[PDB]
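# Geometric and topological summary
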Amino acid sequence: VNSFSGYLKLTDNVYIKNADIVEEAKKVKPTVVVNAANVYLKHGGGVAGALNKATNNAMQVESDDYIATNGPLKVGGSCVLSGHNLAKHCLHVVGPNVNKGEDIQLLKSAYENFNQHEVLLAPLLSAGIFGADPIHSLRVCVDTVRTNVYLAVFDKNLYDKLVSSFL
Ligand SMILES: C[C@H]1CN(C(=O)c2cccc3[nH]c(=O)oc23)C[C@@H]1C(=O)O
């Protein structure tokens, strides 16, 4: 039993809710919240900008130190950093950004990072300003993640479409 509430069950291990991931993190304090990161951990907009804003920019400060030490992430890769006031940990995962011309096949590699964590609160990777089709992202999620994932979808219209079209 866990504290996630109001989710629709899509499969044995994947759940979905129309929710603001920031507000959901603030209420649940999950062990892991996933950020929709880029390779530079520059949290300017989309999910990343919202999560970082909710930490009063502490996520960005920590991220800048991480990059100064380690260099950029790989597209499809991840790193574990603090969850600040939102979660125990933040798993920063880089899905391909279609608006940068990155290979969409890397979306499966990106979701594989979730399997290193038993339970996660997450957004759909590569959705939103990353330019991928969220229906496809949901399909890859379901077909790749084996651990327990609670997906927060900000847009109610998109949420309804994702549910109604789910196979
Ligand atoms: C397509 C993504 C983009 N996105 C946000 O940008 C966002 C998330 C939480 C709070 C916020 N306040 C704000 O102004 O923007 C946000 C959440 C969407 C999703 O994952 O469904």
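Residues numbered from 1 in each chain as written, not as in the entry; some residues may be left out. Heavy atoms only, no water.

In terms of helices and strands, the protein chain carries 6 helices and 7 strands. Start at the N end of the protein chain and walk to the C end: the helices and strands fall as β-β-α-β-α-α-β-β-α-β-α-β-α. Computed over the C-alpha atoms, the radius of gyration of the protein chain is 15 Å, within 12% of the 15 Å expected from 2.2 N^0.38 for a compact globule of 167 residues. Over its C-alpha atoms, taken along the principal directions, the protein chain stretches across nearly 45 × 35 × 25 Å. Per-residue burial over the protein chain gives 51% buried out of 167 residues. The contacts in the protein chain between residues at least 6 apart in sequence include a share of 67% that link residues at least 24 apart. In the structure as shown, the protein chain presents an accessible area of about 8,100 Å², 51% of it carried by carbon and sulfur atoms. (Helix = DSSP H or I, 4+ residues; strand = E, 2+ residues; numbered from the N terminus. Rg over C-alpha atoms; globule rule 2.2 N^0.38 Å. Buried < 20%, exposed > 50% of the residue type's maximum accessible area, 1.4 Å probe, protein only. Contact = heavy atoms within 4.5 Å. Areas by Shrake-Rupley, 256 points an atom, 1.4 Å probe, with all protein chains shown as cover.)

Here we take up the site of the ligand. In the region of the ligand, the neighbouring residues are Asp20, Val22, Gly46, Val47, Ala50, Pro123, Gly128, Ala152, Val153 and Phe154. For the ligand, an oxygen atom lies 3.0 Å from a polar atom in the backbone of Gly46. The contact in question runs from an oxygen atom of the ligand to an N or O atom on the backbone of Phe154, over 2.8 Å. In the complex, the protein chains occlude 67% of the 460 Å² of accessible area that the ligand would expose alone. When contributions to the shell around the ligand are tallied by element, the ones reaching two or more residues are helix 2 (46-54) and strand 7 (148-153). No other element matches helix 2, which puts 3 residues into the shell around the ligand. Of the residues assigned to the shell around the ligand, the class counts are 7 nonpolar, 2 polar and 1 charged. (Near = heavy atom within 4 Å. Polar contact = N/O pair within 3.5 Å; in protein donor to acceptor, adjacent residues only side chain to side chain. Nonpolar A, V, L, I, M, F, W, Y, C, P; charged D, E, K, R; others polar.)

Enumeration according to the criterion identifies 5 aromatic pairs in this entry. Geometrically, the ring pair formed by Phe4 and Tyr7 is edge-to-face, given 5.6 Å between the ring centres and 85° between the ring planes. Just as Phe4 is buried, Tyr7 falls in that class too. Pairwise contacts between aromatic rings join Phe4, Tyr7, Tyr15 and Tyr150 into one cluster. (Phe/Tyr/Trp six-rings, centres within 6.5 Å; stacked < 30°, edge-to-face > 60°.)

Along strand 2 (residues 14-18), 4 of the 5 residues are buried, which leaves the element largely enclosed by surrounding structure. Here strand 1 (residues 8-9) runs beside strand 2; their pairing, made up of 2 bridges, is antiparallel. Bridge pairing in strand 2 places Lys9 opposite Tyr15. Here strand 2 runs beside strand 7; their pairing, made up of 5 bridges, is parallel. Among the inter-strand pairings, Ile16 is bridged to a residue of strand 7, identified as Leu151. (Pairing = 2+ DSSP bridges.)

Here we take up the pattern of salt bridges. In total, this model carries 4 salt bridges according to the counting rule given. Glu24 is paired through a salt bridge with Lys17; the nearest N and O atoms lie 2.9 Å apart. Here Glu24 falls in the buried class, since its relative accessible area comes to 4%. Note on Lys17: relative accessible area 15%, which makes it buried. For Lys156, the salt bridge is made with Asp160, and the minimal N-O distance between the two is 2.9 Å. Taken together, the residues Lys156 and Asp160, both in helix 6 (residues 156-164) and 4 residues apart, mark about one turn of the helix. (Salt bridge = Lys/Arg side-chain N within 4 Å of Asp/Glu carboxyl O.)

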